[PDB]
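Engineer: Residue numbers (our numbering), protein chains in the order written: chain A, 75 to 189; chain B, 27 to 93; chain C, 12 to 188; chain D, 137 to 220; chain E, 15 to 114.
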Amino acid sequence: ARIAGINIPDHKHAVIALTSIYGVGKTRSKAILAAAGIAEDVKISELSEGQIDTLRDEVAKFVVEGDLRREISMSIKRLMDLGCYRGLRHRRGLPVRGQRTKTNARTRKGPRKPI
Amino acid sequence: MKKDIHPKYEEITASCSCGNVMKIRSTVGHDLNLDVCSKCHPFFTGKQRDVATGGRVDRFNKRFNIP
Amino acid sequence: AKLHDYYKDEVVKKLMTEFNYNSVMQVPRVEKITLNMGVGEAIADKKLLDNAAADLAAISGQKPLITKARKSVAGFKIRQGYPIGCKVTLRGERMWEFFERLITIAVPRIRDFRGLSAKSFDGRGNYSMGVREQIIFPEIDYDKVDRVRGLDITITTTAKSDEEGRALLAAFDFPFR
Amino acid sequence: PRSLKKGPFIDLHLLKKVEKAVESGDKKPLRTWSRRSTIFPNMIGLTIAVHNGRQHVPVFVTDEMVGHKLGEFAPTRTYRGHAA
Amino acid sequence: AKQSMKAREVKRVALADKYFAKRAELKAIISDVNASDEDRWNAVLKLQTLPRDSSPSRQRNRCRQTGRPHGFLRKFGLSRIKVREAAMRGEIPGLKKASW
RNA sequence: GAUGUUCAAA
RNA sequence: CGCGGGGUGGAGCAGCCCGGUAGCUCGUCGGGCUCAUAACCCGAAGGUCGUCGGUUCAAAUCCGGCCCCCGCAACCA
RNA sequence: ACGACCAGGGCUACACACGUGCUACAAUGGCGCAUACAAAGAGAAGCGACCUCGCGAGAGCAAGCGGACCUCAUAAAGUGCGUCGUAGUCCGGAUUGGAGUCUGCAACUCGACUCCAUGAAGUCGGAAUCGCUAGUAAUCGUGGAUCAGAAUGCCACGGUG
Ligand SMILES: [Mg+2]
Ligand SMILES: [Mg+2]
Ligand SMILES: [Mg+2]
Ligand SMILES: [Mg+2]
Ligand SMILES: [Mg+2]
Ligand SMILES: [Mg+2]
Ligand SMILES: [Zn+2]
Numbered sequence: 075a076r077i078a079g080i081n082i083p084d085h086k087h088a089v090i091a092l093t094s095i096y097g098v099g100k101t102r103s104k105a106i107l108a109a110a111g112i113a114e115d116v117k118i119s120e121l122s123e124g125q126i127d128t129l130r131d132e133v134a135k136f137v138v139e140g141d142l143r144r145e146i147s148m149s150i151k152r153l154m155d156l157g158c159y160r161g162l163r164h165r166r167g168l169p170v171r172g173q174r175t176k177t178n179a180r181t182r183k184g185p186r187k188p189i
Numbered sequence: 027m028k029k030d031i032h033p034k035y036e037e038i039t040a041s042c043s044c045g046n047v048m049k050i051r052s053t054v055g056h057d058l059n060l061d062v063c064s065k066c067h068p069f070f071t072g073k074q075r076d077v078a079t080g081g082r083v084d085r086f087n088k089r090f091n092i093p
Numbered sequence: 012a013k014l015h016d017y018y019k020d021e022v023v024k025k026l027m028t029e030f031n032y033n034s035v036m037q038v039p040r041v042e043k044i045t046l047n048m049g050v051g052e053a054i055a056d057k058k059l060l061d062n063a064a065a066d067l068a069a070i071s072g073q074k075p076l077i078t079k080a081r082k083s084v085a086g087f088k089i090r091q092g093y094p095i096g097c098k099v100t101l102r103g104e105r106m107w108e109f110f111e112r113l114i115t116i117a118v119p120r121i122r123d124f125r126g127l128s129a130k131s132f133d134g135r136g137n138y139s140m141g142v143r144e145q146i147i148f149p150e151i152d153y154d155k156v157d158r159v160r161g162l163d164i165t166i167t168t169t170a171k172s173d174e175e176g177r178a179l180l181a182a183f184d185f186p187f188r
Numbered sequence: 137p138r139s140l141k142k143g144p145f146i147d148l149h150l151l152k153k154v155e156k157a158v159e160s161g162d163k164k165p166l167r168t169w170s171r172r173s174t175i176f177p178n179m180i181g182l183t184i185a186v187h188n189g190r191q192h193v194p195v196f197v198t199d200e201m202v203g204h205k206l207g208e209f210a211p212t213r214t215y216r217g218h219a220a
Numbered sequence: 015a016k017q018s019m020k021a022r023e024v025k026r027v028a029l030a031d032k033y034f035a036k037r038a039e040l041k042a043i044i045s046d047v048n049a050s051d052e053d054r055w056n057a058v059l060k061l062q063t064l065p066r067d068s069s070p071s072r073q074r075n076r077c078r079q080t081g082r083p084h085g086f087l088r089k090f091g092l093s094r095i096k097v098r099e100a101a102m103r104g105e106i107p108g109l110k111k112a113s114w
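Dropping the structure here:
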């Protein structure tokens, strides 16, 4: 299956396929299906790629895929040009929220590096 | 000028937030939109500083009202 | 040649009155505007000199010229005949196109501005200035370049005296201090 | 984050000195120890040297700066590297 | 340097008593109330002009007998070690060793 | 079942 | 000059013949065991093999060129 | 002046190792719905129902309670139902962007929580090493003190076993 987004959702439970789509969370998946009205408890028969036509227009109201990524990039480049502490952690690959660097900061710094 | 070696150079129209539009010959290849020009600059004998122009400054103002 | 047409229509008569010249030819003019970039990391990374050259090629339409070192120097660990700098000399309509672009866009785009030193002239009327960041020119897309280097702009002028040189650029409305 | 209802946070001495400079034109940097104060549109285009324990560090205010605290930009610790 | 910390704590409880009931409550409520507008801004201004030591949060709970910052228990107003010794001397009423 | 030195007086 | 041998992890040594993608020993660094140290144990990193070509699906491996070292024999402008 | 009064910072920095915890690596589980029980304790600069609005953290209004009465605050695995069907997964949650709540003079360094998005490592861990003999380990919830605010710790409590 395909959606308005560039990435293609898998053929399976409709809610799960949307969670996988970038930019759309499980809760946002439920938001647009509430507007679309397509539930999984309806007749499974008569299901086609034509049906997601309503999905194409309603998802477009939410920034997703490349649009969100562009937003993330502009937010981080601004941080770098600002000279703020928040930007500096981004540059050095260090925690950006105030978590301890002494220990338990592996996700930010990366694999262990010998002295 | 020697052919081939020199970058392509066509005319482009660069617009400004103040509304001034300048036709400039540059190698950008695209009509970029800029914010500050010579006319809207405090040093270039500007009467109205860029403070009047909006942006995320206006967004800060809508959230916090100090009238 | 936007700033050229202005010069021969208004600047010429403007300078003519305040100096009491005898001939139009006496009125100084801008001969050439050499743009110079220097890469001390060319010996370390020759690729960086090519990237700086690509930046100057974007800033000014004319293709950049690679300057080899004039003489070997011990302090800078350089050898004669080794590419080190990058220079473009603008003398025609493209000189005027760069000049009008610099005043209209590059000078405002500078982060913090307090005026351009009127004192910074070679003493022969030829104005030399230094650009701290290459990103100010809109030619290079911001965040599309490896590092933010700088350049040196020199306005060689017919004027034999600094006083004639300042008034020529001032007539163009150059942002002097 | 300060609550929206309470509005933005600013120090009296900081705001008073900013208004005293704006009316008399930009001329000198405002040396302040108030890192808690928020960056305001009124002080854009000015160099506020927010205090860093050892010595004040100069910051030039910009439009993107507004919505962030004065101290947030300022260095608060020096750690160049573990290696010499 | 314990005496200097105690000399400060006596100033903080004196100033808080001086100011907590005269202006602290009103400046907070007129800032908090949604209906109030503009004045809530001016109210914050006069608040910062105050000494700032009045704040009850400037006060730190400390034993009266030994002026100790940590180990303080409110009911006894004493530090943990002071409570233990007093309980054994029988000074604290109803306090016995606990078994269960 | 490897190796483990020393230590003024009151 | 002829013939034979050698160069592979910091070092040393295999693997070579009979091509199947390269190990060990010792050292290094980190951990463990012990009151502590050694021994020991575990994990990690390190060269794709003196170099350059050819061959081939594929080369430390096979055949040449070159460099250095060594053994023996040879040398009447 | 090894005294004292102040404002800002630091004790939360971080090539790195160790100690003790937490959360996992799923299907005896995750998700959604329906539905069942505690014991212990704390409260007047305090617990704060109900009601209205907010997806919500919350805000407003305001009953009652110095406490077998009021309020936290009612439990969780459990049971019954549907789906996942073994996949880095309807596992797992790091991390990060955006926005808001609350405390507090103020949350930038340096608070917690909510929402929207993101979905790292991890498919059970090397040499080695710890705790526990019965309601004990194991597991699952609850309360307290400290406390303006700030638990995964700590002192208690019950559930299954
Ligand atoms: Mg004493
Ligand atoms: Mg306190
Ligand atoms: Mg202080
Ligand atoms: Mg500490
Ligand atoms: Mg598991
Ligand atoms: Mg608390
Ligand atoms: Zn403009």
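Backbone N, C-alpha and C define an ideal beta-carbon position, used for all residues, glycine too.
Do you know how far the Cα of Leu26/C is from the Cα of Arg40/C?
Structural biologist: Between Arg40/C and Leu26/C, the C-alpha separation is close to 10 Å.
Engineer: So what does DSSP say about residue 1/C, is it helix, strand or coil?
Structural biologist: Nothing about residue 1/C can be reported from this structure: the residues present for chain C run from 12 to 188 only.
Engineer: How about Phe209/D and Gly157/A: do their beta carbons lie closer than 8 Å?
Structural biologist: Cβ distance < 8 Å, so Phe209/D and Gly157/A count as in contact.
Engineer: In whole angstroms, give me the CA-to-CA distance for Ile112/A and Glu200/D.
Structural biologist: So the alpha carbons of these two residues sit roughly 43 Å apart.
Engineer: List the DSSP bridge partners of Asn75/E.
Structural biologist: DSSP output for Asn75/E lists no bridge partner at all.
Engineer: For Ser170/D, count neighbouring C-beta atoms within 10 Å of its own C-beta (all shown protein chains included) and say buried if the count is 16 or more, exposed if not.
Structural biologist: Buried: at least 16 other Cβ atoms inside 10 Å.
Engineer: Could you please tell me which residues of the segment 41 to 58 of chain E, in chain order, have their CB closer than 9 Å to any CB of chain D?
Structural biologist: Cβ contacts with chain D: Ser45, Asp46, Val47, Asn48, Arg54, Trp55, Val58.
Engineer: Name the chain C residues that come within less than 9 Å of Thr53/B, Cβ to Cβ?
Structural biologist: Ordered by position in chain C, the residues that pass the 9 Å Cβ test against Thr53/B are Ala68, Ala69, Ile70, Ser71, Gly72, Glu150.
Engineer: Anyone know if the C-beta pair for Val193/D and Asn178/D falls short of 8 Å?
Structural biologist: Not in contact: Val193/D and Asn178/D (Cβ atoms no closer than 8 Å).
Engineer: Looking only at its chain, what residues have a beta carbon closer than 7 Å to the beta carbon of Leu14/C, apart from the 5 residues adjacent to it on each side?
Structural biologist: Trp107, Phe110, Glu111, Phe183.
Engineer: Should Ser41/B and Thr115/C be called a contact, given that it needs their Cβ atoms to be closer than 8 Å?
Structural biologist: Contact: no.
Engineer: Contact between the segment 90 to 103 of chain A and the segment 134 to 141 of chain A is defined here as three or more beta-carbon pairs at a separation below 8 Å; is this criterion met?
Structural biologist: With a cut-off of 8 Å, the segment 134 to 141 of chain A and the segment 90 to 103 of chain A count as touching, because enough Cβ pairs lie within range.
Engineer: Okay, do the segment 78 to 85 of chain B and the segment 78 to 95 of chain C touch, 3+ Cβ pairs below 8 Å being the bar?
Structural biologist: Cβ pair count under 8 Å is below three, so no.
Engineer: Between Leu150/D and chain E, is any beta-carbon pair separated by less than 8 Å?
Structural biologist: So, not an interface residue.
Engineer: Inspect the CB distances between the segment 73 to 83 of chain C and the segment 158 to 175 of chain C and report whether three or more fall short of 8 Å.
Structural biologist: The segment 73 to 83 of chain C, when compared against the segment 158 to 175 of chain C, does not touch it at the 8 Å Cβ threshold.
Engineer: Less than 8 Å between the beta carbons of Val197/D and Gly207/D, yes or no?
Structural biologist: The answer is no: Cβ separation not under 8 Å.
Engineer: Quick one, which of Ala219/D, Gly161/D, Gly143/D, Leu151/D has its alpha-carbon nearest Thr168/D's?
Structural biologist: Out of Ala219/D, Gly161/D, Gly143/D, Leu151/D, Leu151/D has the C-alpha closest to the C-alpha of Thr168/D.
Engineer: Straight-line CA distance for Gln17/E to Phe86/E?
Structural biologist: Approximately 17 Å, taken between the alpha carbons.
Engineer: Quick check on DSSP: helix, strand or coil for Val58/E?
Structural biologist: It is helical.
Engineer: Is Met179/D close to chain A? Criterion is C-beta to C-beta, closer than 8 Å.
Structural biologist: Taking Cβ atoms only, chain A never reaches closer than 8 Å to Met179/D, which makes this a no.
Engineer: Can you give the Cα-Cα distance for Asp84/B and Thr174/D, rounded to whole angstroms?
Structural biologist: For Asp84/B and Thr174/D, the distance between alpha carbons rounds to 15 Å.
Engineer: Taking 8 Å as the threshold, find out whether the segment 22 to 29 of chain E comes into contact with the segment 62 to 71 of chain E through three or more Cβ pairs.
Structural biologist: Touching, yes, given that three or more Cβ pairs across the two stretches are closer than 8 Å.
Engineer: Would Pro68/B pass as an interface residue toward chain E - the criterion being a Cβ-Cβ separation below 8 Å?
Structural biologist: Answer no: the Cβ-Cβ gap between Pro68/B and chain E never drops below 8 Å.
Engineer: Could you give the DSSP three-state label for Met27/C: helix, strand or coil?
Structural biologist: In this structure, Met27/C counts as helix in the three-state DSSP scheme.
Engineer: Just the C-alpha distance for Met154/A and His164/A, rounded to the nearest angstrom, thanks.
Structural biologist: Rounded to the nearest angstrom, the two C-alpha atoms are 8 Å apart.
Engineer: With a 10 Å radius around its C-beta and 16 neighbouring C-beta atoms as the bar for buried, classify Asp66/C as buried or exposed.
Structural biologist: With 16 or more other Cβ atoms within 10 Å, it is buried.
Engineer: Judging by CA-CA distance, which residue of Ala179/A, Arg166/A, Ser103/A is the nearest neighbour of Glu132/A?
Structural biologist: The shortest Cα separation from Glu132/A among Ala179/A, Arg166/A, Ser103/A belongs to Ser103/A.
Engineer: Using a Cβ-Cβ cut-off of 8 Å (strictly less than) and excluding sequence neighbours within five positions of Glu21/C, which residues of its own chain qualify?
Structural biologist: These residues qualify, in order along the chain: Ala182.
Engineer: What residues from chain D crowd round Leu156/A, counting only those whose CB sits closer than 7 Å?
Structural biologist: Correct list: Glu200, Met201, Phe209.
Engineer: Report yes if the CB atom of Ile121/C is closer than 8 Å to the CB atom of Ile89/C, and no otherwise.
Structural biologist: For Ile121/C and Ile89/C, no; Cβs fall outside 8 Å.
Engineer: Output the distance between the C-alpha atoms of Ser172/C and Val142/C, rounded to the nearest integer angstrom.
Structural biologist: Approximately 24 Å, taken between the alpha carbons.
Engineer: So does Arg74/E have its beta carbon nearer than 7 Å to some heavy atom of ligand 2?
Structural biologist: Correct: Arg74/E has its Cβ closer than 7 Å to ligand 2.
Engineer: Is the shortest distance between the beta-carbon of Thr45/C and the beta-carbons of chain B less than 8 Å?
Structural biologist: No, no contact with chain B.
Engineer: Just checking my contact of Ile126/A with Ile82/A at CB under 8 Å: how many whole Å lie between their CB atoms?
Structural biologist: Actually they do not touch by this definition, with Cβ atoms about 11 Å apart.
Engineer: Along chain D, which residues have their Cβ under 8 Å away from the Cβ of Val83/B?
Structural biologist: Those within 8 Å of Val83/B in chain D are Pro177, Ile180, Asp199, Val202.
Engineer: Round the Cβ separation of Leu148/D and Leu59/E to the nearest angstrom and send it over; I've been treating them as touching at under 8 Å.
Structural biologist: Yes, they are in contact, since the Cβ atoms of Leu148/D and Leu59/E sit about 6 Å apart, within 8 Å.
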